[PDB]
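> Can you keep this structure in mind? I'll have questions shortly.
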Amino acid sequence: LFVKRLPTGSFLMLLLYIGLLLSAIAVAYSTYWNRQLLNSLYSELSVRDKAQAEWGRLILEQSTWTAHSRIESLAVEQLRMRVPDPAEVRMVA
Amino acid sequence: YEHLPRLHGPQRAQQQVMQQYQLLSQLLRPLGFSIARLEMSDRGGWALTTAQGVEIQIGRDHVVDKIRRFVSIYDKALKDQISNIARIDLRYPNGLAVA
Amino acid sequence: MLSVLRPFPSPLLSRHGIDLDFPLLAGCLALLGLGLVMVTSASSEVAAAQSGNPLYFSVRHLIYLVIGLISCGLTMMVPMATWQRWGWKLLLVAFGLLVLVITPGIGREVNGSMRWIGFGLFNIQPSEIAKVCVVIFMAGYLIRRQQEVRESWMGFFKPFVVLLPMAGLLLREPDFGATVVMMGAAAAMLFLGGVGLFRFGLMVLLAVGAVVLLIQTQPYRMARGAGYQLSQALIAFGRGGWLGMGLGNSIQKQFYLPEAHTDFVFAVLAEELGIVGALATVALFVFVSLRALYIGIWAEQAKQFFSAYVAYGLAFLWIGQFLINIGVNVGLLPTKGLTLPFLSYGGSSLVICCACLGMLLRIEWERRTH
Amino acid sequence: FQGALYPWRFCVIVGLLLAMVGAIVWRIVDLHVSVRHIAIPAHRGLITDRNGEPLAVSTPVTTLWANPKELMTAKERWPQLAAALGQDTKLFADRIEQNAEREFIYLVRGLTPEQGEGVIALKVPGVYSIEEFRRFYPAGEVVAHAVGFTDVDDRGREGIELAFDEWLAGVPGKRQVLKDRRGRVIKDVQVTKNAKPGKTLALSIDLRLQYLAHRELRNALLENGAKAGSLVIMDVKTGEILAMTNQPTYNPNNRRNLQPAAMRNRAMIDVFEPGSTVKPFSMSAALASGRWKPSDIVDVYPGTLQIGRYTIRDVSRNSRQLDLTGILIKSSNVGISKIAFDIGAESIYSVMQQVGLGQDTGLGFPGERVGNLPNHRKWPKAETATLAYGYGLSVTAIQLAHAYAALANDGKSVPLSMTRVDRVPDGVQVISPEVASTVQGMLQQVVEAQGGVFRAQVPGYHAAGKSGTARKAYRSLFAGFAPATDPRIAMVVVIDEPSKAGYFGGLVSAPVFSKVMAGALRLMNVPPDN
Amino acid sequence: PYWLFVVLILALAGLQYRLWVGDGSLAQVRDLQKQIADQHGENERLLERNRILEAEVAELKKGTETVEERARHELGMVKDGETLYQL
């Protein structure tokens, strides 16, 4: 009876569709990668918060062992330290 | 073996104390003292002992500028009468203690 | 082996260039690309658990897509007279493949059915080759009816010499969805094939009775709290909204749908692309099915009746499969075990769907130029 | 549909297909149009002094986690858990019953990790435990008012922890988990937004200076038997606060039954009349505009002036005539009142406003109040006698210290700041440099001369300052700056009524000034100038 | 011809927008990689600082070197002989 014909921009439409497919696949994999990186960053931040909790515990433990009153008393009574007088200290420049 | 400066410090900081020794030697050669030993408590304090018997004590943190302040103080005020000096303390925000 | 192909003339290698049916090809290519995208998005997490490669199922589906396009080209080379004269051999090979599937020695076991063959890297599901061979044989029988004895009682049961054993053996391993799709294609083909209304009603009622009789004593293997998935899949449609949450940003696929890339692809699609995306996909499926029916109408106009009945059978295969799968994802029907024609991950399903698309384009070309 | 041999059958089939598709569409769009988000708490920022010493750390504590739906399945275990938890069985039962519908409630907050885990292990009626963060203040009582406490929710409630609540309390994150009807987390899957940890905050306080000031103020309060006290130390150049103490100070971590006065910041809510300590500003304004020579003689005799119902009386009236230096040395009031009479009080108000008296402080502390500096289009004799004199002008300790620091900075009013300032702000030149230098030398002389202020001399540093007393009951005030040729630290000392000491500033606050500022300058490495 | 060109162009532009910018883009992938690197560096610094503080506490439990260093640094005191040099 008759014959059909593909649209003139068949190759252009095929290239556009291939680009659309590649963009959609890239979007899906990018979203998956972003979620994986979010999980990894959560793990890193959990490690950081664990380290900071340990540091806070160590600071609390050091606080009883380090204070101005206790340090001064140990320096004077035990280490025989002395505060230099303004005339005694030789200052440079 | 004994002529070389002995290196002391924590087991896993043995590489770091070597670089610190290199830096201290580089910044201390013009002053005339020769490094004989360098010890590090894991706290981070740096102990320096020279061949002439005088010792330098450096605390943790700010070593890079504490040593420069030591250079300045020695080379413009303390460059004379080093014989009686046997103990040097740098553990001050800016000052220096001589003994 | 290539003597059966006819590269000259053909819808691609015609003297006038390439002259296939663009609307059907565009619809099916849109469906294929949407299926690849949805398979990637839904199967990222699913493939991450099994193998270290997140793109396991996506790369496999892309390979199956390339193989399907090649198969569509090969089929569009193949003339319809070869299908007409090969129908019996195709039926026999479908019988053989299905029986070999039933055998436990070569068939691989799944959670609730055994409807695949290993074949190493790539799996083969003869439950779809059986559907296509049934369609071709049924078209051949329909054209033979108009030439043999009128309303012969021996020819009344002739479809059930093949339709009933195939339905029973496809029910043998649990594949009720594929059996229902195949029977729907056969019954609707006959309804459109000129079978008398009383005769067609008798055929359909006896077929339903035979199937409900054969549904018993058919466990998964013989000799030679699951509602949470559907409940949380129904939530996907509601939470997707009129505009979806975008590709890859799906949520239910990460917890409640281990089959998000095989069976519940439509739920993931309607959640990621929204209700507008689900309606667009439904419209695409309806347009492709009605186009595959109008191709048969046109082949019927040109007095090429075998092509008309083959196109009816393929259109009804697609109609049954997509209707049942969507109505199950949306919750209307309980028949879990079915996959969408193009969007689902199924390997041999995609190759067979592309072969059916090639066959329909060949019908469209042949109804015009010889 | 006309081409088919049976158009009716094709029409029926297409209609049936469209009806099924319409049913699907209706169930999709006309009918349709678990997993829960749990926040990820953010680590609170660390507060540290200007050198690096921590002032507020986020130490961890183990907090018992309670899910009432699980306790209603192990009600028989309620007495056993209540025995270890230290509460009555009836109290536990009624609390759970009141929290029946809730998904998550707290049992205890600050239990130590080594025993909370033991409690949750010995008894297991579906109870959980989490290791949350709570604020600890290693400096403690010394910086209690500058670094305020946080509530049990770990958010700012007072002091710099609520002033800088946004800066310290980082943005919490969110994540998705599989929580069933009972509430147990089956799995953790995805974090939709990571928690942003808090940013470390560095203060301007010198913890050595703060320790020294707190110790000296505590000694002042104990030996002098005063009710309260305050002491603010500032760096004139950068305009920041180097120290702030209020001897009634509390303990910011052991807050069990603390009186308010113990938690009151007596440096920014406690307002007072500066009295004689504001005279240098008034006389500096007189010098700037009235062309009043510092060596000019003012007839202070007889030391008592009557202005209507208001009378001005001097502490000493033996001196018939006194110069400006004599006026400040003798703390004369009639002379400065007459000087203000001879000048414009509008300039007086402008000079007092531009240095920050009673207008506002850039600190923005929660527990903060501003002073009152009266303003009028016309200034009667009584109004200027109560305005140029600190006898109706109200200022805080921080405002007086900031004004004295600006006066010590050659008239450069540097904005107030508690955060460690790294570069010197330009500020504004409220006072001309020569007038500021003259006033600085005069405040040097007044504490150097043989007048009423001699105890304020810093040993080794030729300090400067002025002593004044309020009457609303006396309040002893002394503000000044120690280095003469190049001021580096300016500070104020405020203490309430001394029970067993004189209320004069030069007797009860000058020794405190000298004692704390000697060490303050020693640790600041400023060369001596005496 | 056909409107398919318009549809494909619009869809491609939208998907490239969602791929290169916004949430879930490659830009966010690079961000999160940078954040991972920065947080790992911070973690190494924190885990060294915690060890140093732990050793300091342990020496505090038995020694006087830390007390001497803190007295020299904060309090500004000095042992016998003095001769403090300042600048």
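Chain identifiers are assigned as A, B, and so on, following the order in which chains appear in the structure tokens; residues are numbered from 1 within each chain, and ligands are numbered from 1 in order of appearance.
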Name the residues in contact with residue 78 (chain A) at a cut-off of 12 Å, using only C-alpha atoms, excluding same-chain residues fewer than 4 positions from it; report them as a list in words.
residues 70, 71, 72, 73, 74 and 82 of chain A; 63, 64, 67, 68, 71 and 79 of chain E
> Limited to N, CA, C and O atoms, could you put the picked residues into a file as a compact mmCIF listing (two decimals), in the first residue's frame?

# COMPACT_ATOMS: atom_id res chain seq x y z
N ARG A 70 46.13 23.89 94.17
CA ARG A 70 46.96 22.71 94.36
C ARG A 70 48.32 22.87 93.71
O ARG A 70 49.34 22.50 94.30
N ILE A 71 48.36 23.42 92.49
CA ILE A 71 49.64 23.59 91.80
C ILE A 71 50.52 24.57 92.56
O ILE A 71 51.73 24.34 92.73
N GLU A 72 49.95 25.68 93.03
CA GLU A 72 50.73 26.65 93.80
C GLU A 72 51.24 26.04 95.10
O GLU A 72 52.40 26.24 95.47
N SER A 73 50.39 25.28 95.80
CA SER A 73 50.82 24.66 97.04
C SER A 73 51.94 23.66 96.81
O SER A 73 52.91 23.61 97.58
N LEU A 74 51.84 22.85 95.75
CA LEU A 74 52.90 21.89 95.45
C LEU A 74 54.18 22.60 95.04
O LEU A 74 55.28 22.17 95.41
N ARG A 82 59.41 29.99 93.88
CA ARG A 82 59.27 31.34 94.38
C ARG A 82 58.89 32.26 93.23
O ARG A 82 59.37 32.10 92.11
N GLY E 63 54.15 11.74 89.32
CA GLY E 63 55.31 12.58 89.09
C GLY E 63 55.08 14.05 89.41
O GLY E 63 53.99 14.49 89.77
N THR E 64 56.17 14.81 89.28
CA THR E 64 56.16 16.24 89.54
C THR E 64 56.59 17.08 88.34
O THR E 64 56.61 18.31 88.45
N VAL E 67 53.68 19.27 87.28
CA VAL E 67 53.48 20.33 88.26
C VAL E 67 54.52 21.43 88.08
O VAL E 67 54.19 22.62 88.10
N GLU E 68 55.78 21.04 87.88
CA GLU E 68 56.83 22.02 87.64
C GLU E 68 56.56 22.83 86.38
O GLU E 68 56.70 24.05 86.39
N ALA E 71 53.65 25.23 86.95
CA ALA E 71 54.06 26.33 87.82
C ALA E 71 54.93 27.33 87.07
O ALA E 71 54.76 28.55 87.23
N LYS E 79 62.63 28.12 90.11
CA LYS E 79 63.36 27.37 91.12
C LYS E 79 64.45 28.24 91.75
O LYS E 79 64.59 29.43 91.44
> Quick one: pick out all alpha helix (DSSP H) residues within chain E from a backbone DSSP run and write them as a ChimeraX atom specification.
/E:4-20,26-60,65-70
> Which residues are close to residue 154 (chain D), i.e. within 8 Å by only C-alpha atoms, leaving aside same-chain residues fewer than 2 positions away? Reply as a ChimeraX atom specification.
/D:133-135,150-152,156
> Would you mind exporting N, CA and C atoms of the selected residues as a CSV table (one decimal), in the first residue's frame?

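Done, and the output landed in selection.csv:
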chain,number,residue,atom,x,y,z
D,133,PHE,N,26.3,13.8,76.5
D,133,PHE,CA,27.3,14.8,76.9
D,133,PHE,C,26.7,15.7,77.9
D,134,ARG,N,27.5,16.1,78.9
D,134,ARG,CA,27.1,17.1,79.9
D,134,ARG,C,28.2,18.0,80.1
D,135,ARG,N,27.9,19.3,80.5
D,135,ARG,CA,28.9,20.3,80.6
D,135,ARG,C,29.7,20.1,81.9
D,150,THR,N,24.7,25.4,81.9
D,150,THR,CA,23.7,24.9,81.0
D,150,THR,C,22.7,24.0,81.7
D,151,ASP,N,21.5,23.9,81.2
D,151,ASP,CA,20.5,23.1,81.8
D,151,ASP,C,20.7,21.7,81.5
D,152,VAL,N,19.8,20.8,82.0
D,152,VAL,CA,19.9,19.4,81.7
D,152,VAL,C,19.7,19.0,80.3
D,156,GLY,N,22.2,26.8,76.5
D,156,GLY,CA,22.6,27.9,77.3
D,156,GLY,C,21.4,28.4,78.2
> Would you mind telling me which residue in B:13, B:1, B:51, B:20 lies nearest to residue 63 (chain B) when using only C-alpha atoms?
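Among the listed residues, B:20 lies closest to residue 63 (chain B).
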> Using Å and a single decimal, report how far CA of residue 75 (chain B) sits from CA of residue 33 (chain B).
12.1 Å
> Using only C-alpha atoms, find which residues of chain A lie within 12 Å of chain B and jot them down as number ranges by chain.
A: 84, 89-93
> With C-alpha atoms kept, could you save the residues just selected as an mmCIF file, in the first residue's frame?

data_model
loop_
_atom_site.group_PDB
_atom_site.id
_atom_site.type_symbol
_atom_site.label_atom_id
_atom_site.label_comp_id
_atom_site.auth_asym_id
_atom_site.auth_seq_id
_atom_site.Cartn_x
_atom_site.Cartn_y
_atom_site.Cartn_z
ATOM 1 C CA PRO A 84 60.444 36.505 91.252
ATOM 2 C CA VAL A 89 63.894 39.623 87.106
ATOM 3 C CA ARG A 90 66.324 40.747 84.407
ATOM 4 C CA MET A 91 64.167 41.736 81.435
ATOM 5 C CA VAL A 92 65.442 41.895 77.853
ATOM 6 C CA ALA A 93 64.362 44.569 75.353
#
> What is the distance between CA of residue 400 (chain D) and CA of residue 516 (chain D), in Å to one decimal?
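Distance between the two atoms: 17.9 Å.
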> Find the spatial neighbours of residue 24 (chain E), counting only C-alpha atoms, within a cut-off of 7 Å - ignore same-chain residues fewer than 3 positions away - and output them as a list in words.
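Residues near the query, excluding close chain neighbours: residues 30, 31 and 34 of chain A; 28 of chain E.
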> Keeping only N, CA, C and O atoms, write those residues as a PDB file, in the first residue's frame.

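What follows is the written file result13.pdb:
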ATOM      1  N   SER A  30      24.708   8.930  41.601  1.00  0.00           N
ATOM      2  CA  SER A  30      25.156  10.050  42.417  1.00  0.00           C
ATOM      3  C   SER A  30      24.386  10.123  43.725  1.00  0.00           C
ATOM      4  O   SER A  30      24.968  10.405  44.774  1.00  0.00           O
ATOM      5  N   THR A  31      23.075   9.884  43.683  1.00  0.00           N
ATOM      6  CA  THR A  31      22.301   9.860  44.918  1.00  0.00           C
ATOM      7  C   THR A  31      22.751   8.719  45.822  1.00  0.00           C
ATOM      8  O   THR A  31      22.896   8.896  47.040  1.00  0.00           O
ATOM      9  N   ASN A  34      26.080   9.727  47.303  1.00  0.00           N
ATOM     10  CA  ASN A  34      25.903  10.735  48.340  1.00  0.00           C
ATOM     11  C   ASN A  34      25.401  10.109  49.630  1.00  0.00           C
ATOM     12  O   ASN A  34      25.835  10.490  50.720  1.00  0.00           O
TER      13      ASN A  34
ATOM     14  N   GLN E  28      27.757  17.706  45.732  1.00  0.00           N
ATOM     15  CA  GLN E  28      27.651  17.214  47.100  1.00  0.00           C
ATOM     16  C   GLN E  28      28.561  16.017  47.338  1.00  0.00           C
ATOM     17  O   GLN E  28      29.041  15.825  48.458  1.00  0.00           O
TER      18      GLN E  28
END
> Distance cut-off 10 Å, counting only C-alpha atoms - which residues of chain E neighbour chain C? Return them as a list in words.
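On the chain E side, the interface is residues 4, 15, 18, 23 and 24 of chain E.
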> Could you tell me which residues of chain D sit within 10 Å of chain E when counting only C-alpha atoms, and give me the result as an MDAnalysis selection string?
chainID D and resid 51 206:209 211:212 519 522:523 525:527
> Taking only residues of chain A that have an atom at most 9 Å from an atom of chain E, what is each one's shortest atom pair and its distance in Å to one decimal, using only C-alpha atoms, in chain and number order, as CSV?

residue,atom,partner,partner_atom,distance
A:7,CA,E:1,CA,6.2
A:8,CA,E:1,CA,6.6
A:9,CA,E:1,CA,6.5
A:10,CA,E:1,CA,8.9
A:12,CA,E:5,CA,8.7
A:13,CA,E:5,CA,6.5
A:16,CA,E:8,CA,6.5
A:17,CA,E:8,CA,6.6
A:19,CA,E:12,CA,7.1
A:20,CA,E:12,CA,5.1
A:21,CA,E:12,CA,8.6
A:23,CA,E:15,CA,6.0
A:24,CA,E:15,CA,6.3
A:26,CA,E:19,CA,6.9
A:27,CA,E:19,CA,5.1
A:28,CA,E:19,CA,8.7
A:30,CA,E:25,CA,5.9
A:31,CA,E:24,CA,4.6
A:32,CA,E:24,CA,8.1
A:33,CA,E:29,CA,6.9
A:34,CA,E:29,CA,5.5
A:35,CA,E:24,CA,7.9
A:37,CA,E:32,CA,6.2
A:38,CA,E:32,CA,7.1
A:40,CA,E:36,CA,7.6
A:41,CA,E:36,CA,5.8
A:44,CA,E:39,CA,6.5
A:45,CA,E:39,CA,7.1
A:47,CA,E:43,CA,7.3
A:48,CA,E:43,CA,5.6
A:51,CA,E:47,CA,6.3
A:52,CA,E:46,CA,7.4
A:54,CA,E:50,CA,7.2
A:55,CA,E:50,CA,5.5
A:58,CA,E:54,CA,6.4
A:59,CA,E:53,CA,7.8
A:61,CA,E:57,CA,7.5
A:62,CA,E:57,CA,5.7
A:65,CA,E:60,CA,6.7
A:66,CA,E:67,CA,8.0
A:68,CA,E:75,CA,8.2
A:71,CA,E:67,CA,6.2
A:72,CA,E:71,CA,6.8
A:74,CA,E:67,CA,7.4
A:75,CA,E:71,CA,6.4
A:79,CA,E:68,CA,7.5
A:80,CA,E:79,CA,6.8
A:81,CA,E:79,CA,4.9
A:82,CA,E:77,CA,5.3
A:83,CA,E:77,CA,4.6
A:84,CA,E:77,CA,6.6
A:88,CA,E:83,CA,7.3
A:89,CA,E:84,CA,5.1
A:90,CA,E:85,CA,5.2
A:91,CA,E:86,CA,4.4
A:92,CA,E:87,CA,4.9
A:93,CA,E:87,CA,5.9
> Name all residues at most 9 Å from region 5-11 of chain B (count only C-alpha atoms; drop same-chain ones fewer than 5 positions away) and give them as a VMD selection string.
chain B and resid 17 to 18 21 35 to 42
> Export, as a tab-separated table (two decimals), in the first residue's frame, the selected residues with C-alpha atoms.

chain	number	residue	atom	x	y	z
B	17	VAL	CA	61.70	13.22	67.96
B	18	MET	CA	64.22	12.69	65.14
B	21	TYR	CA	66.24	16.97	66.77
B	35	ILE	CA	73.54	18.42	71.06
B	36	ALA	CA	74.53	15.41	73.16
B	37	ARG	CA	71.10	14.02	74.08
B	38	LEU	CA	67.41	14.74	73.52
B	39	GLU	CA	64.65	13.11	75.56
B	40	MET	CA	60.87	13.27	75.22
B	41	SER	CA	58.33	12.21	77.79
B	42	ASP	CA	55.09	11.16	76.12
> Taking only C-alpha atoms into account, what are the residues of chain C at most 7 Å from chain D, put as a ChimeraX atom specification?
/C:192,237-238,241,275,297-298,300-301,327,330
> Generate the output file for the selected residues, N, CA, C and O atoms, as a tab-separated table (two decimals), in the first residue's frame.

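File written: part-v3.tsv
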chain	number	residue	atom	x	y	z
C	192	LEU	N	-11.36	-12.14	20.18
C	192	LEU	CA	-11.16	-11.30	19.01
C	192	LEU	C	-10.93	-12.11	17.74
C	192	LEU	O	-10.93	-11.52	16.65
C	237	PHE	N	3.29	4.98	47.24
C	237	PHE	CA	2.46	5.78	46.35
C	237	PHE	C	1.98	7.04	47.04
C	237	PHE	O	2.01	8.13	46.46
C	238	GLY	N	1.54	6.92	48.30
C	238	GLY	CA	1.05	8.09	49.01
C	238	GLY	C	2.14	9.10	49.32
C	238	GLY	O	1.93	10.31	49.21
C	241	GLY	N	3.71	11.57	46.31
C	241	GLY	CA	3.05	12.83	46.03
C	241	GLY	C	2.78	13.04	44.56
C	241	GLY	O	3.12	12.22	43.70
C	275	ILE	N	2.96	10.55	41.65
C	275	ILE	CA	1.73	10.08	41.03
C	275	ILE	C	1.67	10.50	39.57
C	275	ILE	O	1.10	9.79	38.74
C	297	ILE	N	-5.21	-4.96	14.23
C	297	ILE	CA	-6.38	-4.51	13.48
C	297	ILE	C	-6.00	-4.21	12.03
C	297	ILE	O	-6.69	-4.61	11.09
C	298	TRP	N	-4.89	-3.50	11.84
C	298	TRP	CA	-4.43	-3.16	10.50
C	298	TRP	C	-4.03	-4.40	9.71
C	298	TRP	O	-4.34	-4.50	8.52
C	300	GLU	N	-5.30	-7.26	10.12
C	300	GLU	CA	-6.57	-7.88	9.79
C	300	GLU	C	-7.22	-7.19	8.59
C	300	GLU	O	-7.88	-7.84	7.78
C	301	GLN	N	-7.03	-5.87	8.48
C	301	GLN	CA	-7.57	-5.14	7.33
C	301	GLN	C	-6.94	-5.62	6.03
C	301	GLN	O	-7.64	-5.76	5.02
C	327	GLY	N	-1.84	-3.68	39.31
C	327	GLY	CA	-2.91	-3.91	40.26
C	327	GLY	C	-2.48	-4.68	41.49
C	327	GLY	O	-3.18	-4.66	42.51
C	330	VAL	N	-0.39	-1.73	43.37
C	330	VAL	CA	-1.39	-0.84	43.95
C	330	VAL	C	-2.31	-1.56	44.93
C	330	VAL	O	-3.05	-0.91	45.67
> Please report, as a tab-separated table, each residue of chain B lying at most 12 Å from chain D, together with the nearest pair of atoms and the separation in Å rounded to one decimal; use only C-alpha atoms, and order rows by chain and ascending residue number.

residue	atom	partner	partner_atom	distance
B:61	CA	D:52	CA	10.8
B:62	CA	D:51	CA	11.5
B:92	CA	D:523	CA	9.9
B:93	CA	D:523	CA	8.9
B:94	CA	D:525	CA	8.1
B:95	CA	D:525	CA	8.3
B:96	CA	D:525	CA	11.8
> Keeping C-alpha atoms, export the residues of the selection given above as a tab-separated table (two decimals), in the first residue's frame.

chain	number	residue	atom	x	y	z
B	61	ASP	CA	53.57	22.97	72.47
B	62	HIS	CA	55.05	26.21	71.09
B	92	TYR	CA	57.33	30.13	80.19
B	93	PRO	CA	54.88	31.94	77.88
B	94	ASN	CA	57.71	34.28	76.88
B	95	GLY	CA	60.31	34.29	79.68
B	96	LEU	CA	63.44	32.24	80.25
> Might you pull out every residue within 8 Å of residue 182 (chain C), with only C-alpha atoms counted and same-chain residues fewer than 6 positions away left off, and present them as number ranges by chain?
C: 131, 134, 317
> Counting only C-alpha atoms, a student should be able to say which residues of chain D come within 7 Å of chain A; what is the right answer, written as a PyMOL selection string?
chain D and resi 43+57-60+138+190-191+194+211+460
> Would you put the residues from that selection into a file with C-alpha atoms, as an mmCIF file, in the first residue's frame?

data_model
loop_
_atom_site.group_PDB
_atom_site.id
_atom_site.type_symbol
_atom_site.label_atom_id
_atom_site.label_comp_id
_atom_site.auth_asym_id
_atom_site.auth_seq_id
_atom_site.Cartn_x
_atom_site.Cartn_y
_atom_site.Cartn_z
ATOM 1 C CA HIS D 43 28.735 17.907 70.287
ATOM 2 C CA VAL D 57 34.306 20.852 78.335
ATOM 3 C CA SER D 58 31.630 18.388 77.221
ATOM 4 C CA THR D 59 32.425 15.335 79.309
ATOM 5 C CA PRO D 60 30.258 12.245 78.713
ATOM 6 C CA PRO D 138 37.373 22.643 85.002
ATOM 7 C CA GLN D 190 20.666 6.179 56.340
ATOM 8 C CA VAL D 191 21.625 9.535 57.840
ATOM 9 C CA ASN D 194 24.966 14.739 59.504
ATOM 10 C CA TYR D 211 42.717 32.905 89.260
ATOM 11 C CA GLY D 460 57.388 47.963 90.991
#
